[PDB]
């Protein structure tokens, strides 16, 4: 079957879109080469539509069946419940796309009569009708990147397919509790979303250490969502139904599967019939959970089919890392080819063929890699980092165009120990917050497919909780990091690190002069910037932080909110 069929109708935008980074003295102080920064628009939607449209064949085998049997057995130990309407409403992000039925996220979150009565009607209809396909909207995402002329032109916009807001709330009532219990039961420690950045590093270090002679690879499936077949999606349902659930939950889950998850008609923003989907919807609740389970099953089966020796996996949606015992250079290459052939049979063909690596730091997963620096007392300290180009480009965009989602804050939190966060992002944004005089304002950001709300003044505590006090004392960064970061800054026309250091001294001093939590930020976040460093003591606030909802599977399109 084809992943999509199309009518010829265009994928259209809601509002006018901005393609180019606007000139502005605040964003210019971060980076000058504004012509290199672009935002994807609906102008490139047809190009993407072509890429994600292809035939899927799927041939399963004994290895696949064996893994699937184990998974269903594991799921049978899980008990899940429905969420109340009110619980599901509270999980809706404040800027989630409004319903076509006369209400938005604000109404849902405040439980307005129209929103509530509508959602009740949608729920009842889910229970009564397991058959009629539920309409979805297809939209081009607006995401910011830096040009890469060594890799062709600009990336085409990603596409997102999602149902109406009323349906999205119903998905949470039916399936949210499952998203919070099932992945850990069936994938155990291989499930990546349960780990903070520091824990992810610890997991990978352990996995690597376990092997007498470790070899690792990442596997890139070509357009994973499009490779997911109707059978795959019905199999996911079978796994959900293996849980102990109330009958009403079983009914809603089945209707959602047949009417929404397995496929259905897509409409553009103008309401014209755009096409029909026969693969994974990118913007439904189960997108992340479904991708993770389906990727785990196919990958583990492919390991068995290939004869990979003692595999330890880390799976986050379509993102897959496999660490195992090396069988020798040529044997490893051969076995990776056999793994790829198996994944291909299972309908998960590769983008770039996997490459064996024999050093953990050389494996890229979820766009990140492990690096090492020194903490206080000169101990080696491993931490997660990434190339800063995209985070810098988005930070410049977000400096001049305010967005409901602050990617820069998510980056500061996730990549706090990195030299680029500490010297550049932290310095720039605390500067900008004082310029705006909005330091003490909660901001939203996306992390692991979920939306969170954080006050920047709480960052020392948050950073301490997630990364430890060492995140404020790290030094002697790797040659690779210094080189990669300096090169990104030059490429974007940003000031060099030495300039950021002088800037941070003044930001630090300004924050300290404001006293209170602002002074705590100055002292902790910018201790690296002064010659006479302060002694940083554990923050009592770090322990009081309720991070119980951090680091879990999220939702397609990040359409879930925790506060």
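Residue numbers count along the first chain shown, from 1.
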Next item on the list: Quick one: say whether 62-70 or 531-539 has the higher mean Cα B-factor in the deposited entry.
Entry: 531-539
Next item on the list: Could you check the entry and say whether 252-260 or 156-164 has the higher mean CA B-factor?
Entry: 156-164
Next item on the list: Among 367, 414, 427, 286, single out the one with the highest C-alpha B factor in the record, please.
Entry: 367
Margin query: For the CA B factor values reported in this entry, which option in 332, 86, 236, 171 has the top one?
Written below: 86
Note to self: Quick check on the deposited entry: does the C-alpha B-factor of residue 512 sit in the lowest, middle or highest third of its chain?
What the structure shows: lowest
Notebook entry, point to check: Looking at the C-alpha B-factor of residue 441, is it in the lowest, middle or highest third of its chain?
Noted result: middle
Next item on the list: For residue 207, return the chain-relative third of its C-alpha B-factor as stated in the PDB record: lowest, middle or highest.
Entry: highest
Item checked: Among modelled residues of the same chain, the CA temperature factor third for residue 407 -> lowest
Notebook entry, point to check: Against its chain's modelled residues, does residue 477's Cα B factor rank lowest, middle or highest third?
Noted result: middle
